[PDB]
Amino acid sequence: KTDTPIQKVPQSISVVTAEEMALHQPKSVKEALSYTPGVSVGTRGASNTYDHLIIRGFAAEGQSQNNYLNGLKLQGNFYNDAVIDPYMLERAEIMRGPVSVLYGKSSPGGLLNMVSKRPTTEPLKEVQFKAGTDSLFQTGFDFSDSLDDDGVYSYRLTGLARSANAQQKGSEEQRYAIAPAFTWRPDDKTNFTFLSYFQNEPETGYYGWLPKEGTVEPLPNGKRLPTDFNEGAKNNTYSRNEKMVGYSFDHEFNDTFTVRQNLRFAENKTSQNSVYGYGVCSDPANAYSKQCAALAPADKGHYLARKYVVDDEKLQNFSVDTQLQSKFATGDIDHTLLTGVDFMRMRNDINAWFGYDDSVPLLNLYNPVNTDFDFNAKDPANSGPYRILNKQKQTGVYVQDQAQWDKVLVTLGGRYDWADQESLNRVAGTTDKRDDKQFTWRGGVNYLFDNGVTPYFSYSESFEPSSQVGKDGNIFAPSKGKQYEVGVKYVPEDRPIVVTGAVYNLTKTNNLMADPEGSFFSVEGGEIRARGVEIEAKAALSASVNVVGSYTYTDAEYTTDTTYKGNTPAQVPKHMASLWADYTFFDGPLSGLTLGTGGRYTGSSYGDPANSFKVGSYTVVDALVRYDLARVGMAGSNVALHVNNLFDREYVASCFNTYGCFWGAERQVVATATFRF
Amino acid sequence: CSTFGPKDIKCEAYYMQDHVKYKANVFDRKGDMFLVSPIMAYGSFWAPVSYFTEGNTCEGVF
């Protein structure tokens, strides 16, 4: 009979919601969390192929994807991963420093827990049109409602159709997604939400490399390469198909027990026939290149030697998580005990054909002649197959409790994993089998003040497995993390502000920096120790103005790699920050206008593992405008215009070595016209 | 720091999570979106009037 307790356990300190999603309408999940702290998402630059990001130095899980999607670990292995458009996401939260052990299989530092769009018991009939530069025309449709008077049965159908011409001249982007959803809710202690996802991407877009030359250092001529240069061939294709089905279930028996179970069967697959550039002839690489050798010592600086790759993969994934929530209380110390198991079955069949040095002709740079290419040619001197089959089986039991005493909350959990892994090289008949058994535990302590101030300190571990595989089928060793995190969060009961800060010391072992000098087949390396400070400010200064700001300091080096020991990994900026704000001109002549603008900064980053050249610091400014047609009679329907990179600044995002950099994104304009019924 | 505060709280709302009913402090309203400020609820200040179960006390805004 109390006034009902509000929430005080620190949660949702970095979630973007549907109200924030429909306001920004991010072209990809690379955006959206573009202004959230602890992440740098402009690492790849301008490429809607993969949605990777660097939380606290370390990136995606086994470089694949350290992201979650309605529980579970998303999926992905050896370049066959899953991407999801934000138009199919209701909530996409980024959890920096998770204290739970359900995320113990993930990185101790960060995690992207995406949430699909759940059926609503209220009628929702949304139709979205957004179009702009670069032949972009995405059409959305979202229709959800109930099916009975009680609402026990509810539905939701969201779908997408986007076609666009990529920045690099010659590459196209096309994505067609459709996600049916259903929810059965008889009483208040039972829910069986079914979630499915189907997406066909005939053209993923662009995925190539450009040398450190025309990108960051003036070419021999004295000029720099154009912003839209496609070093591949005209017939470069890149397709992907994702099929997912699953559910999320939970039932509360007594006020002390609650069971939950999550599941998903996914079937992702991709195909690639692309040519990638491997730096100019003057690069320390090539060297042994025959086409590069037959050149004068003056012409080797403006002739790009490349390679090609043909690949065809097929993934079958299966994930299960079943937990029991025991909410008892001992003495005067309340408890919320979680006891669950997980399961994982992976199976990826690689039937690829790679191209070694001098596999393609050479580009002139001054006079590029990007033609077509015979990807079906299998010359034994410059090319070689790679038929591998990878299978994984993981099984881990986890137990976690959230003990509460007066104003003290201690989060403690422990998990033990049985990870199995098997690869088969169809060429040499080699069959590798690796079974690992490791314990990992997470623990966090914090104090709850009455106003919302909460100082916390946590010790994090992880048993992050290896997603990728090496040449000849090298099963990489799983990665083990160790993180000391201390900080203080302000979650005010009264005023509408949020400010949080933290400093960490994360150390992950068996890391892979990729690029075994030659080939992108990745390579084993030493452990990395990452230190840095993250701060966040999220508030609503008055009803018209909403503000969000964040700053991220990051300092990480190799710990035991001898070769690059004591060097900062590439693509990692030291300083990093961003800021955004939006005004709402309600109750006035322009009651409906919503003007918003923001900027992003990324500090200086290194370009190669040896730290030879450095990438300059860039600053991108976005802006957007939105007017709700409340003055025309269309409640909930709005027409919005979005500008990214306002002043159009040419910058290099990041580089992985001397023979590969990434141009930034030029000015993009998007005119959204979303209608609700 | 914000222009609002503990004195500018108009009404309170109700929502459920982990199968227990909670409370959220509400402020101004825009069309069909409340400006709840526990943060640890919807994840954003501007939450739509649907995430809650019984707005009750928010029957008088305009």
# chains A, B, ... in the order shown; residues from 1 in each chain; ligands from 1

$ closest_atom_pairs --of "chain B" --to "chain A" --cutoff "8 Å" --atoms "only C-alpha atoms" --output "Markdown table"
| residue | atom | partner | partner_atom | distance |
| --- | --- | --- | --- | --- |
| B:1 | CA | A:541 | CA | 7.7 |
| B:2 | CA | A:541 | CA | 4.7 |
| B:3 | CA | A:542 | CA | 5.2 |
| B:4 | CA | A:495 | CA | 6.3 |
| B:5 | CA | A:495 | CA | 4.4 |
| B:6 | CA | A:494 | CA | 4.8 |
| B:9 | CA | A:494 | CA | 7.6 |
| B:19 | CA | A:189 | CA | 6.8 |
| B:21 | CA | A:4 | CA | 7.0 |
| B:22 | CA | A:6 | CA | 5.1 |
| B:23 | CA | A:6 | CA | 4.3 |
| B:24 | CA | A:6 | CA | 5.8 |
| B:25 | CA | A:494 | CA | 7.0 |
| B:28 | CA | A:543 | CA | 7.3 |
| B:36 | CA | A:496 | CA | 7.7 |
| B:37 | CA | A:496 | CA | 4.8 |
| B:38 | CA | A:493 | CA | 5.2 |
| B:39 | CA | A:491 | CA | 6.9 |
| B:40 | CA | A:11 | CA | 4.9 |
| B:41 | CA | A:7 | CA | 6.9 |
| B:42 | CA | A:12 | CA | 7.5 |
| B:43 | CA | A:12 | CA | 4.8 |
| B:44 | CA | A:17 | CA | 6.8 |
| B:45 | CA | A:496 | CA | 6.8 |
| B:46 | CA | A:19 | CA | 7.4 |
| B:47 | CA | A:19 | CA | 7.4 |
| B:48 | CA | A:19 | CA | 7.7 |

$ atom_distance --atom1 "CA of residue 416 (chain A)" --atom2 "CA of residue 438 (chain A)"
6.1 Å

$ atom_distance --atom1 "CA of residue 573 (chain A)" --atom2 "CA of residue 232 (chain A)"
28.7 Å

$ select_by_dssp --residues "chain B" --states "strand (DSSP E)" --output "list in words"
residues 11, 12, 13, 14, 15, 16, 17, 20, 21, 22, 23, 24, 25, 26, 29, 30, 33, 34, 35, 46, 47 and 48 of chain B

$ write_last_selection --atoms "C-alpha atoms" --output "mmCIF file, in the first residue's frame"
data_model
loop_
_atom_site.group_PDB
_atom_site.id
_atom_site.type_symbol
_atom_site.label_atom_id
_atom_site.label_comp_id
_atom_site.auth_asym_id
_atom_site.auth_seq_id
_atom_site.Cartn_x
_atom_site.Cartn_y
_atom_site.Cartn_z
ATOM 1 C CA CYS B 11 2.426 13.796 -11.298
ATOM 2 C CA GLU B 12 3.687 10.228 -10.959
ATOM 3 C CA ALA B 13 3.203 7.191 -13.200
ATOM 4 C CA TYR B 14 3.295 3.405 -12.836
ATOM 5 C CA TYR B 15 5.077 0.704 -14.826
ATOM 6 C CA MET B 16 6.066 -2.940 -14.399
ATOM 7 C CA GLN B 17 9.418 -4.659 -14.940
ATOM 8 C CA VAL B 20 6.832 -5.881 -9.983
ATOM 9 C CA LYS B 21 5.053 -2.530 -10.224
ATOM 10 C CA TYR B 22 7.218 0.608 -9.999
ATOM 11 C CA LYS B 23 6.777 4.390 -10.020
ATOM 12 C CA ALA B 24 8.160 7.154 -12.240
ATOM 13 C CA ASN B 25 8.140 10.924 -11.715
ATOM 14 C CA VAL B 26 6.474 12.758 -14.611
ATOM 15 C CA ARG B 29 3.732 16.266 -21.819
ATOM 16 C CA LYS B 30 4.158 16.618 -25.588
ATOM 17 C CA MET B 33 5.007 11.449 -24.775
ATOM 18 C CA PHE B 34 5.743 12.036 -21.092
ATOM 19 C CA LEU B 35 8.932 13.528 -19.657
ATOM 20 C CA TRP B 46 10.871 11.543 -23.378
ATOM 21 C CA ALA B 47 8.971 8.304 -22.914
ATOM 22 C CA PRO B 48 5.716 7.647 -24.789
#

$ atom_distance --atom1 "CA of residue 604 (chain A)" --atom2 "CA of residue 79 (chain A)"
27.9 Å

$ residues_around --residues "region 161-169 of chain A" --least-positions-apart "2" --cutoff "9 Å" --atoms "only C-alpha atoms" --output "list in words"
residues 46, 47, 48, 133, 134, 135, 136, 137, 138, 139, 140, 159, 171, 172, 173, 174, 175, 176, 177, 178, 205, 206, 227, 228, 229, 230, 231, 665 and 666 of chain A

$ closest_residue --among "A:391, A:597, A:650, A:670" --to "residue 226 (chain A)" --atoms "only C-alpha atoms"
A:650

$ residues_around --residues "residue 606 (chain A)" --least-positions-apart "3" --cutoff "6 Å" --atoms "only C-alpha atoms" --output "number ranges by chain"
A: 570-571, 611, 614-615

$ residues_around --residues "residue 528 (chain A)" --least-positions-apart "6" --cutoff "8 Å" --atoms "only C-alpha atoms" --output "PyMOL selection string"
chain A and resi 507-509+511+556-560

$ write_last_selection --atoms "N, CA, C and O atoms" --output "mmCIF file, in the first residue's frame"
data_model
loop_
_atom_site.group_PDB
_atom_site.id
_atom_site.type_symbol
_atom_site.label_atom_id
_atom_site.label_comp_id
_atom_site.auth_asym_id
_atom_site.auth_seq_id
_atom_site.Cartn_x
_atom_site.Cartn_y
_atom_site.Cartn_z
ATOM 1 N N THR A 507 42.440 -5.870 -19.527
ATOM 2 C CA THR A 507 43.525 -6.654 -20.105
ATOM 3 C C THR A 507 42.940 -7.923 -20.702
ATOM 4 O O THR A 507 42.337 -8.728 -19.986
ATOM 5 N N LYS A 508 43.125 -8.103 -22.006
ATOM 6 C CA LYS A 508 42.603 -9.253 -22.726
ATOM 7 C C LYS A 508 43.757 -10.016 -23.362
ATOM 8 O O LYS A 508 44.678 -9.411 -23.920
ATOM 9 N N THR A 509 43.707 -11.342 -23.275
ATOM 10 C CA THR A 509 44.795 -12.196 -23.731
ATOM 11 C C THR A 509 44.461 -12.835 -25.075
ATOM 12 O O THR A 509 43.313 -12.841 -25.527
ATOM 13 N N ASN A 511 44.993 -11.956 -28.042
ATOM 14 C CA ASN A 511 44.404 -11.060 -29.023
ATOM 15 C C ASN A 511 45.039 -11.265 -30.394
ATOM 16 O O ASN A 511 46.182 -11.715 -30.519
ATOM 17 N N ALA A 556 45.928 2.308 -24.774
ATOM 18 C CA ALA A 556 46.156 0.870 -24.765
ATOM 19 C C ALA A 556 47.427 0.548 -25.537
ATOM 20 O O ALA A 556 47.736 1.209 -26.533
ATOM 21 N N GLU A 557 48.163 -0.462 -25.071
ATOM 22 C CA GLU A 557 49.392 -0.893 -25.725
ATOM 23 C C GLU A 557 49.470 -2.414 -25.717
ATOM 24 O O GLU A 557 48.763 -3.090 -24.965
ATOM 25 N N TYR A 558 50.347 -2.948 -26.567
ATOM 26 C CA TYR A 558 50.657 -4.371 -26.521
ATOM 27 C C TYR A 558 51.501 -4.681 -25.292
ATOM 28 O O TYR A 558 52.423 -3.937 -24.947
ATOM 29 N N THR A 559 51.185 -5.792 -24.630
ATOM 30 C CA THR A 559 51.841 -6.149 -23.378
ATOM 31 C C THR A 559 52.956 -7.171 -23.563
ATOM 32 O O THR A 559 54.053 -6.988 -23.028
ATOM 33 N N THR A 560 52.699 -8.254 -24.310
ATOM 34 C CA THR A 560 53.697 -9.305 -24.521
ATOM 35 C C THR A 560 53.605 -9.758 -25.979
ATOM 36 O O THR A 560 53.039 -10.804 -26.302
#

$ decode --residues "region 144-185 of chain A" --atoms "N, CA and C atoms" --output "compact mmCIF listing (two decimals), in the first residue's frame"
# COMPACT_ATOMS: atom_id res chain seq x y z
N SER A 144 1.59 -2.75 -36.21
CA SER A 144 1.41 -3.59 -35.03
C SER A 144 0.11 -3.21 -34.33
N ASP A 145 -0.52 -4.19 -33.71
CA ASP A 145 -1.79 -4.02 -33.01
C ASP A 145 -2.08 -5.30 -32.24
N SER A 146 -3.20 -5.31 -31.53
CA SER A 146 -3.67 -6.50 -30.85
C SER A 146 -4.59 -7.30 -31.77
N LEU A 147 -4.92 -8.52 -31.33
CA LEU A 147 -5.78 -9.42 -32.08
C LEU A 147 -7.04 -9.82 -31.33
N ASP A 148 -7.14 -9.51 -30.04
CA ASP A 148 -8.31 -9.80 -29.23
C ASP A 148 -8.55 -8.62 -28.30
N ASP A 149 -9.73 -8.60 -27.68
CA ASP A 149 -10.08 -7.50 -26.79
C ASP A 149 -9.16 -7.45 -25.57
N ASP A 150 -8.87 -8.60 -24.97
CA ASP A 150 -7.96 -8.64 -23.83
C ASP A 150 -6.52 -8.31 -24.22
N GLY A 151 -6.18 -8.45 -25.50
CA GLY A 151 -4.83 -8.23 -25.96
C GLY A 151 -3.88 -9.39 -25.73
N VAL A 152 -4.39 -10.54 -25.29
CA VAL A 152 -3.56 -11.72 -25.07
C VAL A 152 -2.77 -12.07 -26.32
N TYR A 153 -3.35 -11.84 -27.49
CA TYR A 153 -2.70 -12.11 -28.77
C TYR A 153 -2.42 -10.79 -29.46
N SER A 154 -1.16 -10.54 -29.79
CA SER A 154 -0.75 -9.31 -30.46
C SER A 154 0.24 -9.64 -31.57
N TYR A 155 0.35 -8.75 -32.55
CA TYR A 155 1.19 -8.96 -33.71
C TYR A 155 2.04 -7.73 -33.99
N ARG A 156 3.00 -7.89 -34.91
CA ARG A 156 3.83 -6.79 -35.39
C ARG A 156 4.60 -7.19 -36.64
N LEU A 157 4.47 -6.42 -37.72
CA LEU A 157 5.19 -6.66 -38.97
C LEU A 157 5.96 -5.40 -39.34
N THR A 158 7.28 -5.49 -39.32
CA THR A 158 8.16 -4.41 -39.74
C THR A 158 8.95 -4.89 -40.96
N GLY A 159 9.23 -3.95 -41.87
CA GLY A 159 9.88 -4.29 -43.12
C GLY A 159 10.55 -3.09 -43.74
N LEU A 160 11.55 -3.38 -44.57
CA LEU A 160 12.45 -2.36 -45.09
C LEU A 160 12.83 -2.67 -46.53
N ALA A 161 13.00 -1.62 -47.33
CA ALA A 161 13.50 -1.76 -48.69
C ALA A 161 14.34 -0.53 -49.03
N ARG A 162 15.66 -0.68 -48.96
CA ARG A 162 16.60 0.40 -49.23
C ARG A 162 17.49 0.04 -50.41
N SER A 163 17.61 0.96 -51.36
CA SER A 163 18.57 0.86 -52.45
C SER A 163 19.34 2.17 -52.52
N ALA A 164 20.66 2.08 -52.64
CA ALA A 164 21.50 3.27 -52.64
C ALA A 164 22.76 3.01 -53.45
N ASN A 165 23.32 4.08 -54.00
CA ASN A 165 24.59 4.03 -54.71
C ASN A 165 25.69 4.46 -53.74
N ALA A 166 26.64 3.56 -53.49
CA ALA A 166 27.70 3.85 -52.53
C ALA A 166 28.55 5.02 -53.01
N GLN A 167 29.32 5.58 -52.08
CA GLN A 167 30.18 6.72 -52.41
C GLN A 167 31.21 6.33 -53.46
N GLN A 168 31.91 5.22 -53.24
CA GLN A 168 32.88 4.73 -54.21
C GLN A 168 32.19 4.44 -55.54
N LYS A 169 32.64 5.12 -56.59
CA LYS A 169 31.97 5.02 -57.88
C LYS A 169 32.05 3.60 -58.42
N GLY A 170 30.88 2.97 -58.56
CA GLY A 170 30.78 1.62 -59.10
C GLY A 170 30.15 0.62 -58.16
N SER A 171 30.05 0.94 -56.87
CA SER A 171 29.47 0.04 -55.88
C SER A 171 28.07 0.51 -55.51
N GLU A 172 27.17 -0.44 -55.32
CA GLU A 172 25.79 -0.17 -54.96
C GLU A 172 25.45 -0.85 -53.65
N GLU A 173 24.48 -0.28 -52.94
CA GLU A 173 24.00 -0.83 -51.67
C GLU A 173 22.50 -1.07 -51.77
N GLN A 174 22.09 -2.30 -51.48
CA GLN A 174 20.68 -2.68 -51.51
C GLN A 174 20.41 -3.64 -50.37
N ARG A 175 19.43 -3.30 -49.52
CA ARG A 175 19.04 -4.14 -48.40
C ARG A 175 17.52 -4.24 -48.36
N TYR A 176 17.01 -5.46 -48.23
CA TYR A 176 15.58 -5.72 -48.15
C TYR A 176 15.32 -6.61 -46.94
N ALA A 177 14.72 -6.04 -45.90
CA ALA A 177 14.51 -6.74 -44.64
C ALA A 177 13.03 -6.75 -44.28
N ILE A 178 12.62 -7.83 -43.62
CA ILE A 178 11.25 -8.03 -43.17
C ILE A 178 11.26 -8.92 -41.93
N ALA A 179 10.64 -8.45 -40.85
CA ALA A 179 10.66 -9.15 -39.57
C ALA A 179 9.26 -9.31 -39.02
N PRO A 180 8.65 -10.49 -39.17
CA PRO A 180 7.39 -10.76 -38.47
C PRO A 180 7.63 -10.99 -36.99
N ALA A 181 6.61 -10.67 -36.19
CA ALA A 181 6.70 -10.79 -34.74
C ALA A 181 5.32 -11.02 -34.16
N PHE A 182 5.28 -11.80 -33.08
CA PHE A 182 4.03 -12.16 -32.42
C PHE A 182 4.28 -12.28 -30.93
N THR A 183 3.26 -11.95 -30.13
CA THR A 183 3.38 -11.99 -28.68
C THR A 183 2.09 -12.54 -28.08
N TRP A 184 2.22 -13.58 -27.26
CA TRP A 184 1.10 -14.17 -26.54
C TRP A 184 1.27 -13.87 -25.06
N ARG A 185 0.31 -13.17 -24.47
CA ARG A 185 0.39 -12.73 -23.08
C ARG A 185 -0.95 -12.97 -22.40
